[PDB]
Amino acid sequence: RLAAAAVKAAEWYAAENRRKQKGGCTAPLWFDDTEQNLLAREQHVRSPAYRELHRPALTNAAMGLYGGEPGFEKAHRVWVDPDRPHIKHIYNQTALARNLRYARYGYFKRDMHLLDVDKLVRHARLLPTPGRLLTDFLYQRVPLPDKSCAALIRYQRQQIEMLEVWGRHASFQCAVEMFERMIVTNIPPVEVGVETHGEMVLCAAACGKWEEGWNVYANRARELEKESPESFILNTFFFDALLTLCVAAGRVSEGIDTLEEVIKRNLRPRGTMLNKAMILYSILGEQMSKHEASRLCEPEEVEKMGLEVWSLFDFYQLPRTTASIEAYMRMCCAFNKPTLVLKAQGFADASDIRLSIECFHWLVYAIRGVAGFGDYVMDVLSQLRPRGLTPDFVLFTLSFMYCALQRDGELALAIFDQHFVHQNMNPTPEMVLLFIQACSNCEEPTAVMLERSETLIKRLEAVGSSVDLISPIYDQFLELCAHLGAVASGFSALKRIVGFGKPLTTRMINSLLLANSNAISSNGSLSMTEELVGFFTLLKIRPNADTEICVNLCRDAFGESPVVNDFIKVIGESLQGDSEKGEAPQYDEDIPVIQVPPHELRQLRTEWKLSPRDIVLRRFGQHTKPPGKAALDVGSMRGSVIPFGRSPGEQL
Amino acid sequence: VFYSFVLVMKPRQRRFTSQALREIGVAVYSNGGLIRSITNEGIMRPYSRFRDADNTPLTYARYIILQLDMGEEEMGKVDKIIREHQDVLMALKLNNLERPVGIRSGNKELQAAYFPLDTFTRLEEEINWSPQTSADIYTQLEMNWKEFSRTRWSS
Amino acid sequence: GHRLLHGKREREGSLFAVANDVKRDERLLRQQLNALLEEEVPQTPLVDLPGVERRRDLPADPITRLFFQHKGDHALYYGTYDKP
Amino acid sequence: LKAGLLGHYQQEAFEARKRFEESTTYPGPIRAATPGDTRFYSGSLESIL
Amino acid sequence: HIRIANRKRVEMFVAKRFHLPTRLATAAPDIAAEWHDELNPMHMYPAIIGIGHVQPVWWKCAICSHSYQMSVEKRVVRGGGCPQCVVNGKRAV
Amino acid sequence: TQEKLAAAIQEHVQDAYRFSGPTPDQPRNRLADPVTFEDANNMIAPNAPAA
Amino acid sequence: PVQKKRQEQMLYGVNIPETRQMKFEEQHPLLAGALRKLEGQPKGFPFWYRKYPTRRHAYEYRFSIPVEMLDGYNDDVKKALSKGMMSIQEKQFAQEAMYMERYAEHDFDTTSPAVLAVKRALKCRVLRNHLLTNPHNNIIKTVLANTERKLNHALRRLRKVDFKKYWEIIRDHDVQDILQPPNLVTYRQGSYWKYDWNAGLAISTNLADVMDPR
RNA sequence: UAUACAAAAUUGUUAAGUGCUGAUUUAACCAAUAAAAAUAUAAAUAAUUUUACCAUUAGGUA
Ligand SMILES: [Zn+2]
């Protein structure tokens, strides 16, 4: 419905423009909420006062003649705009012209009345906490406008998102206390505007409080807008904050409603807003797919809505970025459109898009249920290197997931042989399990697959792990040994299973029996059959129909031992009894294949919210304890430095 | 025990005290916490007291012990609620339970020579012994005292 | 597959047993590990004389050679005094 | 550059060359290409004659 | 560091600037007189809840008998009232 | 920006005034001008004599 | 003391001696143990000890308790030992253990260059987060400066010895310009690149693997 | 004139108390923080930042 809303808003805006032109000719069908701000900025920077204030230092000829005249012997004071510097390397580490110390908040306190709070927040050293900042501003009694209030709240929000997950509540309480102070401070004149409310919504989104953010601050902003006509107009920033909150809280219906409201209010959306809309549609599609797997907007309808969002992206002439490509790929993966995923990748690579590693994650995940793409996967992996990117464990896991789904095996073997071994990274249990599943379910497996599986298992055991996939990993390894005929390897993996302490499984014993059956050449005989068949009685493990089939195959492969015949009779009787008790014979269920999206693949990285600019600019006031007189002292230089000094040895 | 809390409250009516305790318990459960034990020590005679809600300097209060297993983020909220409750005259929080007090001050050898699991698994009563209890009682626990405590009034 | 061994500690294969510390002394631990690797089946122990790892490292002086024994790898980590 | 690390760098270069020869080896002879001309010669510039 | 009504631990300067004069029980006694003593949590009361508290709370009307949900900031700063009272006033006049 | 530019220009004017060297003492300025408050204030409007 | 704390945090029973009685247990027998009637009948030999060599392999529960040990225990005890009840130290160890699992060479590997880099970065993050709420801690400011310098050294060494992991870390954690020259005056004299030569990291690239040396 | 070589810690937290606007003094638990790149010959391995009431001030009246 978003495309219909867009065209309806465009035609209504055109009709209103024509009506007002007649009352009072091409005009945009929408309204830009940032054009007036950029125009004001351009006028400000082109104003003569700004150009005169921010001017280059006077040359020696401009200052005067030669030197020695006080006042005209050095260039006068030079002021620089940090956001748009007219010089390079604003700061310097000379001896007599150090200006880094002159950039802390104490020096700007003097001109706090004319101060731009956003500029102060972005460019200052040893700033106090935002609460103390607001307290100092109120103590100085300056008329804080909406921009200043929003800048203070944005500084608080930066602190919130910098802090850890389990340390957000105190910062959010500080933010709400600051909001209350701003509301109740009548003097000096302090206004809480749409931008400030949007920043509070952003704080609520960063903390993770949908109930505290959507029903409180957005509601307050809407009430202010309806109470005061045109004095509290909602910009694109407020709705961007609303969409951020919806994405953070998982709300999809509210996000769609907010985007539809933006479209209807006859103002153009933002690229970030459209990316958030695509993310919400992807979440809805994933939920629908989960519901269908368990087995309510129609899947075709949600696919059409995603397509019309992508169309609106160019309808409003909004440039697409890497985040846009990632969101569209995620939405298409949720809607199962690998052709559109590939088309989007081609379009991104066409004009100018720096494809991130997540884009290739989605590319590999999109074709998981499609055959005849192993060469495409290999070419993607090869092309990763020229793009400045390197494959990681997540991408290798996705590739091996594709290999296991397509049960090709040769592709997984080639990938491991020519991409992974060069990485020298620790494999993950999911990666190893997927590799072994592909190498076992493939057709015509080879001994090199067994060697690679053993190498991967050894490396996984040598490295650490937190998850526990040991039982399925060894079960698939035993199935591979069954398909290959490696009875010795299958029997030796039992020692590893015992060392891990995991109990044996009827599926594992069936794999051992199948290995004995199809290892006529290498080794195996009636003695091996008896030794394997003595497990069900001794280990009290229930037999199975696959067990009966495997033991009959082993019987036909080697001969007729009386113990084997008695076991066959008793297992036939037990299977008949189980069929009488139930309706269908039991069977060894296959191990499920992981098909989870890459965004929930157990990322092995929490968060690093570090800033190289702050580290180099020594924000927060780092200290190094420099050396003292040791470097400065050089001794007496009356004579030359000779060995053993001037007076070698002395007696007191 | 993760956290202990001793609440000194004004001896209001039974319904009001029950409502306050119910609110505390509901807050603890809603913040993803667990209550090991909640006990009422009755109304005692403190040496000095001064109410905050009623501003009456009178010596009459009730003591309550509350054992909790909650994370720091939610324990902050619970502590704020307890301290801001009008009925709670004075709340003291014992967080020095999983680690013995002043091992660092005691000795460097004892700084890393303690096992937190024993203190964590034991209740607050075993961590801080009451005057009436004794290791004699503790040893009587495993001595089959039922079959022996039969002639305790033979004289 | 190549792992660069940067520094003399990594070239000499320090265990770095101490958690998150690379500049910690390790000679005592290595000496005790070699003592464990020693065998108490005829099992002749090794004398306390300072030894060399290679037979070619024995001193050319015949008298001095009596004070040195050829120990394969237990000759390393010799000495009682630590760095002053 | 510091000259005290020359011996260590020589040792590392020798080890790297030995590892290269041991592992990569030489996969067949390569036909020698005829060398071209170098623009960068020493001395003053020469006349176009 | 002082405690508001010996309850709310806050810093001295911020308390003297903002916290102390912005309490509902202190700044607006008439508004605080309508506080609901049963539906509201026992840890929330006008002696510690400020004027700008945006989270809605329960109000018991004084003119009529009606318990409603309104935020303190809306009731004090922006101006709020009893929905039943305002609808009855609309019906009458 | 207007006020900041004015302050910067005043700082530059102080730097230029530094060329003049140390300032002379009060009596030079005091004897420089024999002007009175009467001539100072008659420029705007003539105030009536006190009654 | 700091090394003892780190060793206890990384390993399971280093503080327990052969006699199985710590010094604190020697001096305070009552505070160390209590009397419990129920015998440890369910608790036999741990047949799953092969998969938990160090504490970093079990950062899912409090006190690094393996999941298998909580079998005959109530869901209340499971929730009490769940992730939400972990302390700040436990959560920081969980983060560093995740990074060690990602970039470890073996089970007891805590001194890999990548592990050192990530630990320095985490320490810098913790110190900066502390200074965010306590901007008047001079000792913490100095410690943060020292930790940042150490992180820079670790990152340069990791970049020179193993570029794959360094690039992966940079891309994952979005610190692209974490290694940048401070001053143009010194940079244009080649003192930022002379660090690689002075640190013994000049010739270490394996040119054949990444390019053509011809 | 030239030369003679003339971590018992910090920040925060909390409790009491004096003051009576800033202020304001002590004590305690808890939280965070101690080591971790190459080399001693390596000729600059090193940063450019941080920190009650009066009388006279200890005398009276209350
Ligand atoms: Zn009413």
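Residues numbered from 1 in each chain as written, not as in the entry; some residues may be left out. Chains lettered and ligands numbered in written order. Part of a larger assembly, values for the part shown. Heavy atoms only, no water.

Method of determination, as annotated in the archive: cryo-EM, at 3.6 Å resolution.

A.B. asks: Looking at this structure, I do not really get the coordination of the zinc ion. What am I missing?
C.D. replies: Each pair of donors in an ideal four-coordinate tetrahedral metal site encloses 109.5 degrees, whereas pairs in an ideal six-coordinate octahedral site enclose 90 or 180 degrees. Residues and elements named next belong to chain E. Those protein atoms acting as donors to the zinc ion are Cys61 (SG), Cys64 (SG), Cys82 (SG) and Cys85 (SG), and they sit at 2.3 Å. Between consecutive donors of the zinc ion, the numbers of intervening residues give the motif C-x2-C-x17-C-x2-C. By relative accessible area, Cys61 is classed as buried at 8%. Residue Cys64 is classed as partly exposed on the basis of its relative accessible area, which comes to 23%. (Donors = N, O, S within 2.8 Å, 3.2 Å for Na, K, Ca; no water. Buried < 20%, exposed > 50% of the residue type's maximum accessible area, 1.4 Å probe, protein only.)

A.B. asks: Please explain helix α15 (residues 299-315) of chain A as it appears in this structure.
C.D. replies: Because the α-helix completes a turn every 3.6 residues, residues three or four places apart line up on one side. The first and last C-alpha atoms of α15 of chain A sit 24 Å apart over 17 residues, in line with the 24 Å expected at 1.5 Å per residue. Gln317 of chain A lies just past α15 of chain A and shows a positive phi near 55°. (Helix = DSSP H or I, 4+ residues; strand = E, 2+ residues; numbered from the N terminus. Expected span 1.5 Å × (residues − 1).)

A.B. asks: Which parts of the structure should I look at to understand the pattern of salt bridges?
C.D. replies: Working definition: two side chains of opposite charge can pair if their charged atoms are close together. Summed over all chains, the structure comprises 73 salt bridges over all chains. In this structure, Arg132 of chain A and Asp136 of chain A form a salt bridge, with 3.7 Å as the shortest nitrogen-oxygen distance. Here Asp136 of chain A and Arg132 of chain A lie together in helix α7 (residues 130-140), a separation of 4 residues that amounts to about one turn. One salt bridge connects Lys23 of chain G with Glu109 of chain B, and the closest N-O pair in it is separated by 3.4 Å. Of the two residues, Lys23 of chain G is situated in helix α2 (residues 23-27) and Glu109 of chain B in the loop between α3 (103-106) and α4 (116-121); the pairing between them involves two chains. Where salt bridges share partners, they join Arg41, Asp81, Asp83, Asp118, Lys119, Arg122, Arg154, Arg157, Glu161, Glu195 and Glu199 of chain A into one cluster. (Salt bridge = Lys/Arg side-chain N within 4 Å of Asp/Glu carboxyl O.)

A.B. asks: Even after reading the chapter, I still don't get the interface of chain A and chain G, so can you show me in this structure?
C.D. replies: Many structure descriptions define interface size as the accessible area lost when the parts assemble. Contact with chain A, which involves 53 residues of that partner, is made by 53 residues of chain G. For the pair chain A and chain G, the two sides together bury roughly 5100 Å², of which 55% comes from carbon and sulfur. Linking chain A to chain G there are 5 salt bridges. Across the pair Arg602 of chain A and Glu101 of chain G runs a salt bridge, and its minimum N-O distance is 3.3 Å. Only α8 (146-162), α21 (410-423), α23 (447-462), α25 (487-500) and α30 (612-616) of chain A provide two or more residues apiece to the side of chain A that touches chain G. If you tally residues by element for the side of chain A that touches chain G, the top one is α30 of chain A, at 4 residues. For the side of chain A that touches chain G, the residue count by class is 19 nonpolar, 21 polar and 13 charged. (Contact = heavy atoms within 4.5 Å. Buried area = accessible area lost by both parts, 1.4 Å probe. Nonpolar A, V, L, I, M, F, W, Y, C, P; charged D, E, K, R; others polar.)

A.B. asks: Help me out: how do you make sense of the interface of chain G and chain B in this one?
C.D. replies: The interface is formed by 28 residues belonging to chain G together with 32 residues belonging to chain B. When the two sides are added together, the surface that chain G and chain B hide from each other amounts to roughly 2600 Å², 67% of it contributed by carbon and sulfur. Viewed at the interface, chain B and chain G are joined by 2 salt bridges. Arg62 of chain G serves as the salt-bridge partner of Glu98 of chain B, at 2.8 Å between the closest nitrogen and oxygen. Inspection of the region where chain G meets chain B yields 4 residue pairs in polar contact. Listed by contribution, the elements that provide at least two residues to the side of chain G that touches chain B are α1 (2-10), α2, α3 (29-32), α4 (75-80) and α5 (88-102) of chain G. (Polar contact = N/O pair within 3.5 Å; in protein donor to acceptor, adjacent residues only side chain to side chain.)

A.B. asks: Looking at this structure, I do not really get the side chain of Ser282 of chain A. What am I missing?
C.D. replies: Here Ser282 of chain A is to be found in helix α14 (residues 271-294). The residues touching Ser282 of chain A, leaving out its near neighbours within four places in the chain, are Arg330, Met331 and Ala334 of chain A.

A.B. asks: Explain the sheet that holds strand β3 (residues 61-69) of chain B to me, please; I cannot follow it from the model alone.
C.D. replies: Sheets are built from strands that pair by backbone hydrogen bonding, the pairs being arranged parallel or antiparallel. All names here are of chain B. Spatial strand order, β2-β3-β1-β4: 4 strands in an open sheet with antiparallel pairing. With partners counted over all chains shown, the strands left at the sheet margins are β2 (34-44) and β4 (88-94), one partner each. Strand after strand, the sheet turns through a mean of 15° between neighbouring axes, direction not considered. Of the strands in this sheet, β1 (3-9), β2 and β3 touch helix α1 (residues 14-30), which is tilted by about 160° from β2. Its contacts with the sheet place helix α2 (residues 72-84) against β1, β3 and β4, and it is angled at close to 5° to β1. (Pairing = 2+ DSSP bridges. Axes fitted to C-alpha atoms, helices over the stretch in contact; angles between N-to-C directions.)

A.B. asks: Help me understand the packing of helix α19 (residues 374-384) of chain A against helix α20 (residues 393-406) of chain A in this model?
C.D. replies: Residues and elements named next belong to chain A. Put simply, α19 and α20 touch, their axes get as near as 11 Å, and they point 165° apart. The angle between α19 and α20 falls in the class roughly antiparallel. Of the two elements, α19 crosses α20, and the hand of that crossing is left-handed. Contacts between α19 and α20 involve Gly374, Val377, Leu381 and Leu384 from the former and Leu395, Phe396, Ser399 and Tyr402 from the latter. Its residues assigned to classes, the contact of α19 with α20 comprises 6 nonpolar, 2 polar and no charged. (Parallel < 35°, antiparallel > 145°, perpendicular 65-115°, else oblique. Left-handed = near helix turned anticlockwise from the far one by under 90°.)

A.B. asks: Sorry, what's going on with the protein's contact with RNA strand H here?
C.D. replies: The immediate surroundings of RNA strand H are formed by 57 residues, with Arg98 and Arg646 of chain A, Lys8 of chain C, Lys2 of chain D together with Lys123 of chain G found nearest. Among the atoms of RNA strand H close to the protein, meaning within 4 Å, 76% are from sugar or phosphate groups. Between a phosphate oxygen of RNA strand H and a side-chain N or O atom of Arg99 of chain B, the distance comes to 2.9 Å. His6 of chain C has a polar side-chain atom sitting 3.2 Å from a sugar or linking oxygen of RNA strand H. (Near = heavy atom within 4 Å.)

A.B. asks: It is not clear to me how the arrangement of the chains should be interpreted in this structure. Could you clarify?
C.D. replies: Contacts between protein chains span 10 pairs of chains, and they are most numerous for chains A and G. There is a clear gap between chain B and chain D: no contact, and 42 Å between their nearest C-alpha atoms.

A.B. asks: In this structure, what is going on with the UniProt feature "repeat: PPR" (unreviewed entry) in chain A? I would like to understand it.
C.D. replies: Following the UniProt record, the feature "repeat: PPR" (unreviewed entry) maps to residues 235-269 of chain A here. Across residues 235-269 of chain A, helical content stands at 74% and strand content at 0%; the span's end C-alpha atoms are separated by 10 Å. (UniProt positions renumbered as here; feature names shortened; annotations may be inferred.)

A.B. asks: What should I look at first to understand the nonpolar core in this one?
C.D. replies: If you look at soluble globular proteins, the nonpolar side chains tend to sit buried side by side. One finds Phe137, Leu144, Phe400 and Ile415 of chain A to be the most contacted residues of the largest nonpolar core, which totals 220 residues. With residues up to four places along the chain from it excluded, the contact list for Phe137 of chain A reads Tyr105, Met112, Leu115, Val117, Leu120, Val142 and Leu144 of chain A. With 22 residues, the next largest nonpolar core counts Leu7 and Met75 of chain B together with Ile65 and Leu81 of chain G among its residues. (Core = buried A, V, L, I, M, F, W, Y, C linked by side-chain atoms within 4.5 Å.)

A.B. asks: Please clarify how the pairing of β1 of chain B should be interpreted in this entry.
C.D. replies: When a strand is regular, its side chains alternate between the sheet's two faces. Residue and element names in this part refer to chain B. Within β1, 7 of the 7 residues are buried, which leaves it mostly tucked inside the rest of the structure. Along β1, one buried face is formed by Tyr3, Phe5, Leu7 and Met9 and the opposite face, lined by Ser4, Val6 and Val8, is buried too. Here β1 runs beside β3; their pairing, made up of 7 bridges, is antiparallel. Looking at the pairing, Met9 lines up with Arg62 of β3. Both β1 and β4 contribute to a ladder of 6 bridges, which runs antiparallel. Bridging across to β4, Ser4 finds its partner in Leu94.

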